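Per chain, numbering begins at 1; letters A, B, ... match sequence-line order.
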Amino acid sequence: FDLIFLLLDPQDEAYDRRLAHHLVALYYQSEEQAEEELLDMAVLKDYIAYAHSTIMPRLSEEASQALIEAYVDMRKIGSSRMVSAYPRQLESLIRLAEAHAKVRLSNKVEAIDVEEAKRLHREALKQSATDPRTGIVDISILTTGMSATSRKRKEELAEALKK
Amino acid sequence: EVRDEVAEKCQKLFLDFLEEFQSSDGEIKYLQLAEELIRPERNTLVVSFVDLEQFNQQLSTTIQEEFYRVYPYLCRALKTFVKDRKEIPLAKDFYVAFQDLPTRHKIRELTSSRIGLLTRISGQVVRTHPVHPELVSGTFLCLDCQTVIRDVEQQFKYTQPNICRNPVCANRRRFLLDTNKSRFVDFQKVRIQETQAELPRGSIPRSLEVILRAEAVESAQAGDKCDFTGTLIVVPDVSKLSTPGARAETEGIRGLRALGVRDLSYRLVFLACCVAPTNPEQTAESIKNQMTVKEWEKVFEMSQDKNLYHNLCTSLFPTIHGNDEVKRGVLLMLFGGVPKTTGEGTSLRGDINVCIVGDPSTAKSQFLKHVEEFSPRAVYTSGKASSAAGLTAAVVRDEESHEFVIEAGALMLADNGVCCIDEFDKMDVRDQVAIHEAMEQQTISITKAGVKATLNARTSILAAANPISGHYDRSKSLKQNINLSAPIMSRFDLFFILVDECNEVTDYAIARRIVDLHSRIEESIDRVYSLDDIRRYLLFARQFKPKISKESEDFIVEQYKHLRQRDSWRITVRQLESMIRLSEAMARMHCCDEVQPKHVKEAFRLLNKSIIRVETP
DNA sequence: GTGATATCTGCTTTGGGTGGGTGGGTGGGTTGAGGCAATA
DNA sequence: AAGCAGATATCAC
Ligand SMILES: Nc1ncnc2c1ncn2[C@@H]1O[C@H](COP(=O)(O)OP(=O)(O)OP(=O)(O)O)[C@@H](O)[C@H]1O
Ligand SMILES: [Mg+2]
Ligand SMILES: [Zn+2]
């Protein structure tokens, strides 16, 4: 999966009140607003159809350098202390960057697209890659399915039982 | 007898076309092809519709609009065009096929207005039926006068003569069929379906019945996507029709004498004269002959190149950075060894198996995909399988019949080819036990309810595996990092490891390679040899069976003694035979006829680095 | 007197279990209980 | 009971 998102239920009271007001308003929404939303949806569908028809973004030189530096920095984060990234993620970035370029109806992928892709990827990871014990940077949970702290604890348990 | 002017004119013009149409080289294109029809197994001639259109447009239009009407006359013209040669019996029948029809129709465009016209369609074959002999013209004896009637045409129903030939005879009911002087044609019924590309959105697929005849029988297989050229016809409900020789067998039209009080319905079937794929005993000399002169000199130049090993390695795997040893091992696997049979009838395996153990996102799947795309016969699969067959056979029960049948696995489908297995460590226990025999004996044996079989699995296996912990631990040995058992590991000729090197320079190289591949898809790739060149060269090289010389014998014996003295993993005779296989593959790589000591040295280098990697951290 | 052509006569049909499972389920019949292989 | 295959006597020209 390119992006994994977490939809958690908050314990906050203010969130509950705001969502309640949202749902009540929707429960009383008027027909003109519904028609307006339908028109906006039709516009969105037409926009996507046109973009698929005629837009084929390509990587510019600045986008290429941005992507290479982005991958190097993601690796550096882990290398400072483990591994914090793997090459497959770079591919994801490329895809996302291209998608962003298509939203602007642009045939060239620019640095803004790369920045948006990095932000979105980093937000998804912060949502779903967090180790409840220590922190986030650990992506070993995705690659191996086992938290690094959990791996160390299991190694300790096995060594002790081997004692 | 009344004469059909249009059909006779078409016959004459088609004979003229066959006689006179000229190829680019100036020879008669179809004379040389008809020269092949002297063989007993050949009865069909394939004619390009574009050639006919160039020769005579009115003839082509008439054929297109009256194909069903005029096809027998075209076949008669072909018979005349072949009559000169002495080898053809007078009884042989010949049929015409039409290859390249410029326009195509969809299966849902096959309406009543297309009945009898020449058409081309595409479809995916769902089912094929057994071959039958079909009567086309019967010879009958008259029981009243003993006169012989010949050339009685058949119309979807077993038909006897209407009146006796003899003017004096008035018989209408009593005749005898004589098989030996009747004419039959090969017949096959296939059921095809709309392709996924053609299937309209949110619609149930529409199926069609196709009839193949003569050479076209057994030329399409279920699951294939095929182009059919032929005609759309109506087939009446035979069960309703009664004839003097054949009683009726248990709305539509009414009023025919053969109908009694019954009704006759019709259904549409496609009568195909040509089948092709929609997207299209060997020996070294024959392989050479199949090639053109340019291709042969390219193959020879490749055989003479002194850097062939490295050039081939780089050409096969251009997207992967580093890992030269793995590329060399996979190449040697692709060339293969020499399978042999003993005097007592037992087999010595000649195929090579390779295993790649890797960290996450280390491009092992990339190796498997490159091999899969390159090889003509190759199956890519996963250790954890979606079907019950898995990598080997399974036994499943047909609910209706209650019968038990074999469902083939990946290693069966890859017989005589390459099987790329990903996640080789996730196999199930049944596959795990069966893979011993599959990998060494190259057979799969089953004795279960309703099934007793030995199935062929002559395959080369390229496997990709993950370490037990999910990350490779250099402190431990390779045997300590994977969950493969020692007997399974002994069945692999070569082992390779791909470790995630937490190095800035490697990261910078890999990122640049990936981004360059994406930025310039066409410009990034630079191969010393094209993939087609390598495919032809491999086809040529697999025909060599290099012989082991005496000096290579001594070197191999000494190397095996050294390996055993050096050493639940252990050096077995399997390592010796793996060394033999690798030496044979090294010799084959250079289209050589003898295994020289140099090939043994290279093979031993590779195998020694594999064994040491297996043993020590 | 020969060629229709109108009348008359005998066969067998139906799906069915007294017509078989030594015909065959690619010739066609709901419901339940009982072995398999793969399954968990 | 209903309908096709076979047999056969019968009108017409
Ligand atoms: N050495 C390398 N050279 C070039 N590309 C590489 C290299 N290592 C990794 N990659 C890139 O990584 C991706 C390959 O990931 P792939 O799916 O093949 O990994 P894997 O080894 O099968 O791992 P996993 O099964 O855990 O996903 C591609 O983007 C490939 O370009
Ligand atoms: Mg993979
Ligand atoms: Zn006769």
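Which of C:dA37, C:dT14, D:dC4 sits closest to the side chain of B:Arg262 comes down to D:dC4. Ranking C:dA38, D:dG3, C:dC36 by closeness to the B:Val261 side chain, first place goes to D:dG3. For B:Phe404, the side-chain atoms get nearest to C:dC36 when compared with the rest of C:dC36, C:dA38, D:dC4. Here C:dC36 is the nucleotide among D:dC4, C:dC36, C:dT39 with the atom lying nearest to any side-chain atom of B:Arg397. Relative to the side chain of B:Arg173, the nucleotides C:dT39, D:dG6, C:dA37 differ in distance, and D:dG6 lies closest.
Nucleotide C:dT5 holds its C1' atom 13 Å from the CZ atom of B:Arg257, rounded to whole Å. If you measure from atom CZ of B:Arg174 to atom P of D:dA7, you get 7 Å, rounded to the nearest angstrom. Rounded to an integer number of Å, the gap from B:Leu256 CG to D:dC4 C1' is 16 Å. Here C:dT39 presents its P atom at 10 Å from NZ of B:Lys448, a figure rounded to the nearest Å. Atom CD in B:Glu403 sits about 14 Å away from atom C1' in C:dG35, given to the nearest Å. Atom-to-atom, CD of B:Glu399 to P of C:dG35 comes out at 18 Å; the value is rounded to the nearest Å. When the P atom of D:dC4 is taken as reference, atom CG of B:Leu259 falls 10 Å away, rounded to whole Å. To the nearest angstrom, P of C:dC36 lies 17 Å from CD1 of B:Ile446.
By the neighbour-count criterion of 12 heavy atoms within 6.0 Å, atom CD of B:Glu403 is sparsely surrounded, having that number or fewer from other residues, nucleotides or ligands. For B:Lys92, the NZ atom sits in a packed shell: over 12 heavy atoms of surrounding residues, nucleotides or ligands are nearer than 6.0 Å.
The structure places CG of B:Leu411 at 7.5 Å from OG1 of B:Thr392, a figure rounded to the nearest 0.5 Å. A distance of 9.0 Å separates CD1 in A:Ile4 from CG in A:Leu6, rounded to the nearest 0.5 Å.
Taking atom P in both C:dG16 and C:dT30, the straight-line distance is 13 Å, to the nearest Å. When the P atom is compared between C:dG19 and C:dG23, the two are found 16 Å apart, to the nearest whole Å. Between C:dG29 and C:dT14, the two P atoms lie 15 Å apart (nearest whole Å). Taking atom P on both C:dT26 and C:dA38, the two are 24 Å apart, rounded to the nearest angstrom. Rounded to whole Å, the separation between the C1' atoms of C:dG21 and C:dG25 comes to 12 Å. Between C:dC11 and C:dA6, the distance separating the two P atoms is 26 Å to the nearest Å.
Across all strands, B:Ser242 comes closer than 4.0 Å only to sugar-phosphate atoms, never to a base (heavy-atom distances). Contact annotation for B:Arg247: no contact, since no heavy-atom pair falls under 4.0 Å across all strands. Heavy atoms of B:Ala248 sit nowhere under 4.0 angstrom from any nucleic acid atom.
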- Can you give one letter per nucleotide of nucleotides 24-34 of chain C, going 5' to 3': B for a protein heavy atom under 4.0 Å from the base, S for sugar-phosphate only, - for none? -----------
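Taking the charged nitrogens against the carboxylate oxygens, B:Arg430 and B:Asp428 have no contact shorter than 4.0 Å, which rules out a salt bridge. The pair B:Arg213-B:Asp93 does not meet the salt-bridge criterion, since no charged nitrogen lies less than 4.0 angstrom from a carboxylate oxygen. Between B:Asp415 and B:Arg377 there is no salt bridge, since no side-chain N of the basic residue sits under 4.0 Å from a carboxylate O of the acidic one. Using a cut-off of 4.0 Å between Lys/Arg side-chain N and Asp/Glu carboxylate O, B:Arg262 and B:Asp237 are scored as not salt-bridged.
An OP1 or OP2 oxygen of C:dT39 is reached within less than 4.0 angstrom by a side-chain nitrogen or oxygen of B:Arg430.
A donor-acceptor pair shorter than 3.5 Å cannot be found between the side chains of B:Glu198 and B:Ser122. At a cut-off of 3.5 Å, with distance as the only test, no side-chain donor of B:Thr147 or B:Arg165 sits close to an acceptor on the other residue.
When the rule of centres under 5.5 Å and planes under 30° is applied to the neighbouring bases of C:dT31 and C:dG32, their six-membered rings qualify as stacked.
Under the 30°/60° scheme for interplanar angles, the aromatic rings of B:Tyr158 and B:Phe140 are found to be tilted. Ring planes of B:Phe495 and B:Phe492: perpendicular class, angle over 60° (limits at 30 and 60°).
Residue B:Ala385 comes nearest to B:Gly390 through the heavy atom pair CB-CA, 3.5 Å, listed as atom of the first residue, atom of the second, then distance. For B:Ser182 against B:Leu135, the heavy-atom pair with the smallest separation is CB-CD1, 3.6 Å.
Stem regions for DNA chain D, each three or more consecutive Watson-Crick or G-U pairs with both distances under 3.5 Å and listed by first number, read C:1-4 with D:10-13, C:6-9 with D:5-8, C:11-13 with D:1-3.
For C:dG24, classification of the furanose by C1'-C2'-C3'-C4' yields a north pucker, on the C3'-endo side. Sugar conformation at C:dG34 is north: the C1'-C2'-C3'-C4' dihedral has a positive sign, consistent with the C3'-endo side.
For DNA chain C, no neighbouring residue in residues 205-213 of chain B is found when judged by any heavy atom under 4.0 Å.
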